[PDB]
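Contents: one structure, followed by commentary.
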Protein chains: 2
Amino acid sequence: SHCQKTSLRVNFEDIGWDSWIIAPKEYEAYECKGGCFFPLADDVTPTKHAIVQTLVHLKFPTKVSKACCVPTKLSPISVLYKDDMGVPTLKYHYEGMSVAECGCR
Amino acid sequence: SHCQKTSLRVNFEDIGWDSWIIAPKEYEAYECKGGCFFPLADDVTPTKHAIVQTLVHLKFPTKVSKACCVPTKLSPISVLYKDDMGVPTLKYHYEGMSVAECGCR
Ligand SMILES: [Cl-]
Ligand SMILES: [Cl-]
Ligand SMILES: [Cl-]
Ligand SMILES: [Cl-]
Ligand SMILES: [Cl-]
Ligand SMILES: [Cl-]
Ligand SMILES: [Cl-]
Ligand SMILES: [Cl-]
Ligand SMILES: [Cl-]
Ligand SMILES: [Cl-]
Ligand SMILES: [Cl-]
Ligand SMILES: [Cl-]
Ligand code: NA
Ligand code: NA
Ligand code: NA
Ligand code: NA
Ligand code: NA
Ligand code: NA
Ligand code: NA
Ligand code: NA
């Protein structure tokens with residue numbers, strides 16, 4: 001019930017990227033889901049601002065929003081993409097594609 | 001109407017920190033507010049995962065949430081705190097307290 005990494009399988013044609021991504025068809029991107037509320041967990045790595053804003057949200061729930069559970073570290077995947085000549089080319093480390101860690105920010 | 005930094009003045013007794021923070025009474029913490037939706041802005045620095053998840057949210061709005069507008073860089077403030085001897089001590093760089101930049105994550 002707190003900020004944590006959970007599964008998210010993404011299909012590239014569902015998001016309109018199949019026009020340039022030949023392969024893979026789908027990959028595990030994960031997502032960060034869960035609440036940022038007190039008491040927090042031991043491993044969500046909360047920033048001081050995320051802690052402060054969550055406290056302000058308690059006192060003023062209609063004015064200030066709470067902190068958000070988001071990726072704090074991302075990992076690459078490899079993709080096979082068509083280049084300007086229609087030739088399948090490998091992008092070995094397409095960065096920023098999969099969640100490695102989540103946290104409250 | 002997009003991810004951007006906006007004002008947020010925090011009062012320490014409102015959040016229960018006045019028991020250990022003698023001064024200042026209030027500070028400008030800012031907050032990151034705005035939507036992460038297409039078309040994005042030129043300066044929100046979106047990660048590839050935040051872009052992918054926003055596209056998945058369009059196709060499956062009830063299953064996957066959108067990306068979140070969050071601080072991507074924080075700045076310190078100085079605080080005057082009482083130490084274990086009841087003596088006011090200065091913490092020159094209390095890190096992570098104020099928003100320097102926002103972005104979609
Ligand atoms: Cl806590
Ligand atoms: Cl911090
Ligand atoms: Cl590329
Ligand atoms: Cl590479
Ligand atoms: Cl390598
Ligand atoms: Cl890349
Ligand atoms: Cl765009
Ligand atoms: Cl990225
Ligand atoms: Cl301290
Ligand atoms: Cl310091
Ligand atoms: Cl200095
Ligand atoms: Cl610090
Ligand atoms: Na309120
Ligand atoms: Na609000
Ligand atoms: Na490219
Ligand atoms: Na390698
Ligand atoms: Na849906
Ligand atoms: Na949802
Ligand atoms: Na301390
Ligand atoms: Na200085």
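Each chain in the structure tokens gets a letter, A, B, ..., in the order shown, and its residues are numbered from 1; ligands are numbered from 1 in order too.
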
8 Å from ligand 9 is the threshold here; counting only C-alpha atoms and all ligand atoms, which polymer residues fall inside it? Answer as a CSV table (one decimal) with N, CA and C atoms, in the first residue's frame.
chain,number,residue,atom,x,y,z
B,81,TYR,N,18.4,25.3,14.3
B,81,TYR,CA,17.8,24.2,15.1
B,81,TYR,C,18.5,24.1,16.5
B,91,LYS,N,22.2,25.1,10.7
B,91,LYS,CA,22.4,24.1,9.6
B,91,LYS,C,22.5,24.9,8.3
B,94,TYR,N,20.6,22.9,4.6
B,94,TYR,CA,19.7,21.8,4.9
B,94,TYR,C,19.2,21.4,3.5

Next on the checklist: Applying 10 Å and only C-alpha atoms, which residues near residue 47 (chain B) remain after dropping the ones on its own chain fewer than 6 positions away? List them as a PyMOL selection string.
Outcome noted: (chain A and resi 71+74+95-97) or (chain B and resi 53+67+103-105)

Next on the checklist: Contacts from chain A to chain B, 9 Å maximum, only C-alpha atoms: show me the residue list as a PyMOL selection string.
Outcome noted: chain A and resi 8+10-11+14-16+29+31+33+47-50+52-53+55-56+58-59+64-65+67-72+74+95-99+105

At a cut-off of 6 Å, can you tabulate as a tab-separated table every residue of chain B near ligand 17 together with its closest atom pair and the distance in Å to one decimal, using only C-alpha atoms and all ligand atoms and ordering rows by chain then number?
residue	atom	partner	partner_atom_place_in_ligand_line	distance
B:60	CA	ligand 17	1 (Na)	3.4
B:61	CA	ligand 17	1 (Na)	4.6
B:62	CA	ligand 17	1 (Na)	4.1
B:63	CA	ligand 17	1 (Na)	5.0

Could you write those residues out with N, CA and C atoms, as a PDB file, in the first residue's frame?
ATOM      1  N   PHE B  60      -5.313   3.011 -22.005  1.00  0.00           N
ATOM      2  CA  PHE B  60      -5.933   2.330 -20.867  1.00  0.00           C
ATOM      3  C   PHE B  60      -6.000   3.309 -19.702  1.00  0.00           C
ATOM      4  N   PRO B  61      -6.994   4.202 -19.695  1.00  0.00           N
ATOM      5  CA  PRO B  61      -7.043   5.224 -18.637  1.00  0.00           C
ATOM      6  C   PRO B  61      -7.428   4.676 -17.275  1.00  0.00           C
ATOM      7  N   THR B  62      -8.187   3.583 -17.214  1.00  0.00           N
ATOM      8  CA  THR B  62      -8.620   3.028 -15.937  1.00  0.00           C
ATOM      9  C   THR B  62      -7.617   2.053 -15.336  1.00  0.00           C
ATOM     10  N   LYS B  63      -6.621   1.618 -16.104  1.00  0.00           N
ATOM     11  CA  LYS B  63      -5.643   0.641 -15.642  1.00  0.00           C
ATOM     12  C   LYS B  63      -4.298   1.260 -15.285  1.00  0.00           C
TER      13      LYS B  63
END

Checklist entry - Could you pull out all residues of chain B with a DSSP call of alpha helix (DSSP H) and give them as a list in words? => result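 Everything in chain B that counts as alpha helix (DSSP H) is residues 48, 49, 50, 51, 52, 53, 54, 55, 56, 57, 58 and 59 of chain B.
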
With N, CA and C atoms retained, write the just-selected residues as a PDB file, in the first residue's frame.
ATOM      1  N   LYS B  48      11.960   8.847 -21.112  1.00  0.00           N
ATOM      2  CA  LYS B  48      11.283   7.978 -22.068  1.00  0.00           C
ATOM      3  C   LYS B  48      10.183   7.165 -21.401  1.00  0.00           C
ATOM      4  N   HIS B  49      10.379   6.772 -20.140  1.00  0.00           N
ATOM      5  CA  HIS B  49       9.347   6.009 -19.446  1.00  0.00           C
ATOM      6  C   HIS B  49       8.120   6.869 -19.166  1.00  0.00           C
ATOM      7  N   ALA B  50       8.327   8.137 -18.808  1.00  0.00           N
ATOM      8  CA  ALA B  50       7.197   9.032 -18.581  1.00  0.00           C
ATOM      9  C   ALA B  50       6.413   9.258 -19.867  1.00  0.00           C
ATOM     10  N   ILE B  51       7.111   9.332 -20.999  1.00  0.00           N
ATOM     11  CA  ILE B  51       6.436   9.444 -22.287  1.00  0.00           C
ATOM     12  C   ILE B  51       5.667   8.165 -22.594  1.00  0.00           C
ATOM     13  N   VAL B  52       6.303   7.012 -22.381  1.00  0.00           N
ATOM     14  CA  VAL B  52       5.660   5.734 -22.678  1.00  0.00           C
ATOM     15  C   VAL B  52       4.438   5.531 -21.790  1.00  0.00           C
ATOM     16  N   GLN B  53       4.579   5.804 -20.491  1.00  0.00           N
ATOM     17  CA  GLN B  53       3.464   5.579 -19.575  1.00  0.00           C
ATOM     18  C   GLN B  53       2.299   6.512 -19.879  1.00  0.00           C
ATOM     19  N   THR B  54       2.589   7.744 -20.307  1.00  0.00           N
ATOM     20  CA  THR B  54       1.515   8.663 -20.678  1.00  0.00           C
ATOM     21  C   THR B  54       0.755   8.150 -21.895  1.00  0.00           C
ATOM     22  N   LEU B  55       1.469   7.551 -22.851  1.00  0.00           N
ATOM     23  CA  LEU B  55       0.807   6.951 -24.005  1.00  0.00           C
ATOM     24  C   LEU B  55      -0.040   5.754 -23.595  1.00  0.00           C
ATOM     25  N   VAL B  56       0.466   4.931 -22.672  1.00  0.00           N
ATOM     26  CA  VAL B  56      -0.307   3.788 -22.195  1.00  0.00           C
ATOM     27  C   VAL B  56      -1.537   4.261 -21.430  1.00  0.00           C
ATOM     28  N   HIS B  57      -1.408   5.364 -20.688  1.00  0.00           N
ATOM     29  CA  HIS B  57      -2.553   5.906 -19.963  1.00  0.00           C
ATOM     30  C   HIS B  57      -3.659   6.339 -20.917  1.00  0.00           C
ATOM     31  N   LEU B  58      -3.291   6.871 -22.084  1.00  0.00           N
ATOM     32  CA  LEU B  58      -4.299   7.238 -23.075  1.00  0.00           C
ATOM     33  C   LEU B  58      -5.094   6.018 -23.522  1.00  0.00           C
ATOM     34  N   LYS B  59      -4.397   4.922 -23.830  1.00  0.00           N
ATOM     35  CA  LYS B  59      -5.073   3.731 -24.331  1.00  0.00           C
ATOM     36  C   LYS B  59      -5.839   3.008 -23.229  1.00  0.00           C
TER      37      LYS B  59
END

Checklist entry - What residues have any atom no more than 10 Å from ligand 20 when counting only C-alpha atoms and all ligand atoms, and can you list them as a ChimeraX atom specification? => result /B:78,92-93

Next on the checklist: Could you list, as a PyMOL selection string, all protein and nucleic acid residues with an atom at most 9 Å from ligand 7, counting only C-alpha atoms and all ligand atoms?
Outcome noted: chain B and resi 37-42+51

Next on the checklist: Please determine, counting only C-alpha atoms and all ligand atoms, which residue among B:6, B:1, B:19, B:45 has the shortest atom-to-atom distance to ligand 19.
Outcome noted: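 So, comparing all the options, the nearest one is B:19.
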
Checklist entry - Just asking: which residues within chain A are strand (DSSP E) according to DSSP, as a PyMOL selection string? => result chain A and resi 4-6+9-11+21-23+26-28+31-33+69-82+88-104

Item to check | Selection near residue 82 (chain B), 9 Å with only C-alpha atoms, sequence-local residues under 5 positions removed, as a PyMOL selection string | outcome: chain B and resi 19-22+87-90

Next on the checklist: For a test of reading the model, state the distance in Å between CA of residue 77 (chain A) and atom 1 (Cl, counted along the ligand's line) of ligand 4, rounded to one decimal.
Outcome noted: 9.1 Å
